[PDB]
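Please read the structure below before turning to the comments.
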Number of protein chains: 2
Amino acid sequence: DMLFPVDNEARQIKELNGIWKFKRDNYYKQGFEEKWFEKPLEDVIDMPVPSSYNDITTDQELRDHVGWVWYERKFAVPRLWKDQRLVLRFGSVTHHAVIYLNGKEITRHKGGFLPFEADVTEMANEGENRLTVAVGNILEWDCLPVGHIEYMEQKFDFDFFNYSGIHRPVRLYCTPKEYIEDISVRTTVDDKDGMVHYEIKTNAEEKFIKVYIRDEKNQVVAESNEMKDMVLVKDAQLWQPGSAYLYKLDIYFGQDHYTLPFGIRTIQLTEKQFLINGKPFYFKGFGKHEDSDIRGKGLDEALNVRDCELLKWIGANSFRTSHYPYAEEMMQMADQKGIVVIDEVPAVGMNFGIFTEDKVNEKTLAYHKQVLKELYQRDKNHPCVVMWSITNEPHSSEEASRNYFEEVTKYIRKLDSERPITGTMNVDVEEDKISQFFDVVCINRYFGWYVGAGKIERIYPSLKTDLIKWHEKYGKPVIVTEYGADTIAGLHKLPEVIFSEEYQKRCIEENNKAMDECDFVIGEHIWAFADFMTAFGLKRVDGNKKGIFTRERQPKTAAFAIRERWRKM
Amino acid sequence: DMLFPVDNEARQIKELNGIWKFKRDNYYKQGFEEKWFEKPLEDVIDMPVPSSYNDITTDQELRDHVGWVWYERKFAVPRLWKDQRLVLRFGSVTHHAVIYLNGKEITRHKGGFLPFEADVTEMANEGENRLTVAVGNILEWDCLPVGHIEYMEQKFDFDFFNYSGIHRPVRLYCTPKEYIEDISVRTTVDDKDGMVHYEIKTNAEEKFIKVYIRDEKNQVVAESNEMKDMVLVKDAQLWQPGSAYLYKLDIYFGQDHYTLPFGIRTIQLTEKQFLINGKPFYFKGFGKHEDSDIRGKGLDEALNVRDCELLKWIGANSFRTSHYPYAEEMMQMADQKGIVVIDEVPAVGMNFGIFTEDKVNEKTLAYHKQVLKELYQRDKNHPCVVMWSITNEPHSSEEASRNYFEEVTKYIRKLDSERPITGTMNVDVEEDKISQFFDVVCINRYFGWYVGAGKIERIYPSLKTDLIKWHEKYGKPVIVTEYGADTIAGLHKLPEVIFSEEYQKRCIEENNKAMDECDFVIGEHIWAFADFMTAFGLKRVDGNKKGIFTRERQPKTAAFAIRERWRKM
Ligand SMILES: [Ca+2]
Ligand SMILES: [Ca+2]
């Protein structure tokens, strides 16, 4: 149950962002042992919310902290909210949360990239309250992303910095006590007419509802009094890639009111094409990251607008949420700009045996299904989402992974019978044991970088050969979901060398030549959109330098050649 | 015989540098099999000499060439040289040479860092002559440095670019037909008095000779008519680190004349000290390279003066010739500037079983002794050379390496009974099997970089422990011959991260703290002096970035903290 909070005449949002008080444990779980939540925090510093905490201070100990940290602020409940339902919402807490209201625990959460909330109607006092949030960053074999602890040092095999903090907005909001809990929308098209299937869940199903469908002019085009209905939109304005159209499911229920934007669009996979509204779609874009200077993974909407301007400028039509769900604000923006999205759960780091009883096991599986349920509940109504990605680069050569991912694939397909399912490959085509469960084959391939570094002449034959093998083995359309080269801005050389701006351009260009000679490729996603931070390592010059743009969102040389190609496509 | 050529009333040098014609093979050994030397080269480009050829052109195929290339120019013999002995000298040809004069082969050479010559008295014509030089860059298991060919790709394990070309001056010179062939000088000191032991070898030994010893104002201070003698120098000005004094052995022999600079200084080792003229010497400096922009490993005397100015500025007193003998010009400069040198043979890359019948074997051994003989013959008379280094980072954990390096160390001790012998370690101290053969133990250690990257607080405990183990195992004084961290100029961060300027400074500090607590450490050589080029690899951002100075010889931040330490030491 996770409708995005709204403001209208009936519902109201109180943002709890700004500056909080903050302190870290000085030994493992010190805050829980000493019950720091039972009184205000002492010996604290300021910490912005939303933001990672790791890059804010000058303190290497805080940057590299392993374990739990403690946030605290105060909030008020006005007299005017006296008889309302009160909800405290967290867009995310990375990775693990324990929430305390006035010294008492009210909820917990596992998973750093999906929202959660707590009903505090009967617990919050009028006037001042104290909100205390314990934030833990430890990843074990039953978390997503996967990791483990050694003796404490945090180990993991994914390539992005394990930022921790309150990365997304914290909201206290009110609704009437009889209210709209959940909404599902599915759409079909018969030539010119759209059909809108909706289902609305309330906590008083016998009472009266009024449902409108409004166009972008806010004009009513359909109307009903049923909580579940199928309604026809004559001459429907379809939601198109690069040309969004959003209708509004506008719902009056008792004293309550909720308005849900949605797009009318169809998806169909053929043998070798990806069809949106019947017309072939070729993915041009990037896997991204929630990453920028100072604030780590913290939501930054000005950064988001800049990134969308860059995506439009360079001719991209799509992105993948590597390697975790992004903020709903980004998903709303993609809905509005007509950007096509591959939505991914954080099942990353399942690589180096990995699928064994003492590591990635049935407990990991059950949590993997739960994360998918939550992702679906949050994003099921976004027209921008066209595909679910259930994993990034698992060690799928292991025979034990076959049963694991058959279970995961069956689960998401039971939740959602309409969008294709996929996941990205890094093992050899000959060894993979899971891609047969997918509708689209996605491969991460770094010819000219991790294979044959510097050997420009070998990139084109290498990727073409591999692509054909992937198509011959599975007979499905193929997306190259990652390829590129680390590139230091300002590093030029003639003849070109790895890390130079010229090499990045040539590397991408030869990979593209291989893709252009295949008839079953339905997309190219360059890695990476922008330089981002990684865990420290000798192959990472202050992070991952595969960005086509710098971390400050300025283009390297290759960006202009990619634009010339994508704008002609 | 390898006396450095001189100009005087009796001997004359003609430099053959400038711009040659140049062309590479298009398939393996093409010029040999098509017999290109028989006529002037056709379809050629210009190539400077001395210089590597790899970074001169815009052509990747030449930069990465494997095999042979061809150089050619014309030279003149003047009428005035009619009755002289004529010698063609190459300072070096990297790696393999075949020399042709007017289309006939006159000599060959294996080894890219030591000089060779050919008597051309009987073959050169008056007036114009055609000089053709085939230059090969293939390294095999019995070459130094070590490498091997796979299927044609060059493999090797050392960490510097395999530049090829004619890196040092080419000289045609004349002497009388009866002439001075070789000179050896050894010195002892008795209070304030030097004894100069010398031994002159000539072309006609029964004839009469006159030997003067001259001070720096050109005044005779000893004299003799013997080919072999000891002559006393009372109140002898000693050659001192940082304050050089050079006498001259001035020899007249028939029509011939040769003047040999030399220095009076003594070396002695105790179990905790390195004594030069009785005073303890603590090595402060760097392993270097012959490397600069555009010209690869080509000799550049302006660059050498700038380097020596920077060594003086930073308070360095020494360098090691990593990992091959340097140009004699640099050795003369060290003689004149009072810089102490560890002189090293190119026995690098014997690492990844290495010491096996099929790899490093008896052929490599015999060649290793041969290069030591040649290095000793060239540099025996340099006061700046205080120690021979016979290897860099061999895989000396193999039992088979024990007998190998016992042979090598025995041999160099037979050539030179006065200078200490060493070789640099990278294997674990518990595994090493050869350092008992050395007079000084030298270790390459990168705590904070290759071990425990980024963990500043573990550098000091890690190196101190390792240092004490090396001393406990062998009971000899220890030089840390390499330590440091890759550093991108302009990369700053707070807190610091690997690759940042601030990290390089802290990493060297913590290593220095460990050395300051170990009384048996007699030297600290930072790696590296200046950023230099490497074979391409994902850990090498346009080469090796451990330079304290940039490749263009400007300091990074850590240079100023090093200077403070070394100048007050
Ligand atoms: Ca959010
Ligand atoms: Ca020379």
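Somewhere in region B:510-521, is a residue surrounded by 23 or more Cβ atoms within 10 Å (Cβ to Cβ), small (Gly, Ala, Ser) and part of a strand (DSSP E or B)? Scanning region B:510-521, I find no residue that is surrounded by 23 or more Cβ atoms within 10 Å (Cβ to Cβ), small (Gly, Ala, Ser) and part of a strand (DSSP E or B), so the answer is no.
Here is a check on your reading of the model: is B:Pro5 more than 16 Å from ligand 2 (Cβ to nearest atom) and more than 14 Å from chain A (Cβ to nearest Cβ)?
Working: more than 16 Å from ligand 2 (Cβ to nearest atom): no; more than 14 Å from chain A (Cβ to nearest Cβ): yes.
For B:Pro5, the condition - more than 16 Å from ligand 2 (Cβ to nearest atom) and more than 14 Å from chain A (Cβ to nearest Cβ) - is not met.
Here is a yes/no grid of residues against (1) within 30 Å of B:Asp358 (Cβ to Cβ); (2) not assigned by CATH to the domain that holds B:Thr259:
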site: B:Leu131; (1), (2): no, yes
site: B:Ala134; (1), (2): yes, yes
site: B:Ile149; (1), (2): yes, yes
site: B:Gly165; (1), (2): no, yes
site: B:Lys192; (1), (2): no, no
site: B:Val196; (1), (2): no, no
site: B:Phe208; (1), (2): no, no
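Scanning region B:88-117 for residues that are of a type in the set (A, V, I, L, M) and within 16 Å of ligand 2 (Cβ to nearest atom), we see that the one that is farthest from the other protein chains (Cβ to nearest Cβ) is B:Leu88.
For region A:543-569, which positions are assigned to a strand (DSSP E or B) and in contact with a helix residue (DSSP H, G or I) (Cβ under 7 Å, 6 or more places away or on another chain)? Walk me through it before giving the result.
First pass over region A:543-569, keeping only residues assigned to a strand (DSSP E or B): A:544, A:549, A:555.
Within region A:543-569, just A:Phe549 meets the criteria.
Looking across region B:428-471 at every residue that is buried (at least 19 other Cβ atoms within 10 Å of the Cβ) and of a type in the set (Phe, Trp, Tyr), the one that is farthest from the other protein chains (Cβ to nearest Cβ) is identified as B:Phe437. Take the conditions (1) over 16 Å from the mean Cα position of the chain (by Cα); (2) under 30 Å from B:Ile267 (Cα atoms); B:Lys373 misses just one of them, which is (1).
Please verify whether B:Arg540 is closer than 26 Å to A:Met533 by Cα, outside any strand (DSSP E or B) and out of contact with any strand residue (DSSP E or B) (no Cβ under 6 Å at 6 or more places or on another chain), treating the condition exactly as stated. Answer is yes for this residue. Tallying residues that are of a type in the set (S, T, N, Q) and out of contact with any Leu (no Cβ under 9 Å at 6 or more places or on another chain) within region B:122-160 yields 2.
Only one entry of A:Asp293, A:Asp300 meets the criterion of being over 20 Å from A:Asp416 (Cα atoms), away from ligand 2 (no atom under 16 Å from the Cβ), surrounded by fewer than 24 Cβ atoms within 10 Å (Cβ to Cβ) and more than 14 Å from chain B (Cβ to nearest Cβ), and that entry is A:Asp300.
Could you say which residue among B:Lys284, B:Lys272, B:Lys279 is within 30 Å of B:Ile562 (Cβ to Cβ) and touching a helix residue (DSSP H, G or I) at 6+ places or on another chain (Cβ under 8 Å)? Please lay out each step first, then the result.
Values: B:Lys272 fails: touching a helix residue (DSSP H, G or I) at 6+ places or on another chain (Cβ under 8 Å); B:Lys279 fails: touching a helix residue (DSSP H, G or I) at 6+ places or on another chain (Cβ under 8 Å).
After applying the criteria, what remains is B:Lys284.
Taking the conditions exactly as written (farther than 24 Å from B:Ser292 by Cβ, in contact with a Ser or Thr (Cβ under 7 Å, 6 or more places away or on another chain) and in the same structural domain as B:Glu38 (by CATH)), does B:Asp159 satisfy them or not?
Numbers: farther than 24 Å from B:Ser292 by Cβ: no; in contact with a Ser or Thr (Cβ under 7 Å, 6 or more places away or on another chain): yes; in the same structural domain as B:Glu38 (by CATH): yes.
No: the conditions fail for B:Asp159.
State whether the residues of region B:152-175 include one that is in a strand (DSSP E or B), among the acidic types (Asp, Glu) and over 16 Å from B:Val66 (Cα atoms). Looking through region B:152-175, none of the residues is in a strand (DSSP E or B), among the acidic types (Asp, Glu) and over 16 Å from B:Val66 (Cα atoms).
Under the condition of being over 19 Å from A:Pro477 (Cα atoms) and within 19 Å of the chain's Cα centre (by Cα), the residues counted in region A:412-421 number 3. In region A:251-270, the residues that are within 17 Å of A:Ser184 (Cβ to Cβ) form Cβ pairs under 6 Å with partners that are surrounded by fewer than 21 Cβ atoms within 10 Å (Cβ to Cβ) and hydroxyl-bearing (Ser, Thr, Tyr), at six or more places apart or across chains, as follows: A:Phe253/A:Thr202. Starting from region A:320-337, keep only residues that are more than 14 Å from chain B (Cβ to nearest Cβ) and among the basic types (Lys, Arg), then list their pairs with residues that are part of a helix (DSSP H, G or I) and away from ligand 2 (no atom under 16 Å from the Cβ) whose Cβ atoms are within a distance under 8 Å, requiring at least 6 positions of separation or different chains. Hits for this filter: A:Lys337/A:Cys308; A:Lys337/A:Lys312. Total residues in region A:472-503 satisfying the condition of being more than 16 Å from A:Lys539 (Cβ to Cβ), within 14 Å of another protein chain (Cβ to nearest Cβ) and in a helix (DSSP H, G or I): the figure is 2. Condition test on A:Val87, is it under 21 Å from A:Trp36 (Cα atoms) and within 16 Å of ligand 1 (Cβ to nearest atom)? The answer is no for A:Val87.
Considering only residues that are of a type in the set (A, V, I, L, M) and closer than 20 Å to A:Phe90 by Cβ, look in region A:45-68 and name the one that is farthest from the other protein chains (Cβ to nearest Cβ). Talk me through it step by step, then tell me what you get.
Going through region A:45-68, the residues of a type in the set (A, V, I, L, M) turn out to be A:45, A:47, A:49, A:56, A:62, A:66.
Restricting the remaining residues to those that are closer than 20 Å to A:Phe90 by Cβ gives A:47, A:49, A:56.
Working: A:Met47: 17, A:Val49: 22, A:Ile56: 11 Å.
Residue satisfying both the conditions and the ranking: A:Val49.
Give region A:306-331 a look and list any residue that's away from ligand 1 (no atom under 16 Å from the Cβ) and β-branched (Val, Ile, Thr), or say none. Across region A:306-331, the qualifying residue is only A:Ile314.
Among the residues of region A:536-561 satisfying the criterion of being of a type in the set (A, V, I, L, M) and more than 9 Å from chain B (Cβ to nearest Cβ), which is farthest from A:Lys297 (Cα to Cα)?
Keep residues of region A:536-561 that are of a type in the set (A, V, I, L, M), which gives A:538, A:541, A:548, A:558-559, A:561.
Now restrict to residues that are more than 9 Å from chain B (Cβ to nearest Cβ): A:548, A:558-559, A:561.
Numbers: A:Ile548: 19, A:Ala558: 26, A:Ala559: 24, A:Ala561: 29 Å.
For region A:536-561, the residue satisfying everything is A:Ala561.
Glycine also receives a Cβ, built like all others from the backbone with ideal geometry; neighbour counts cover every protein chain displayed. Basis: the model, the stated rules and, where named, an outside source; no laboratory read-out is quoted.
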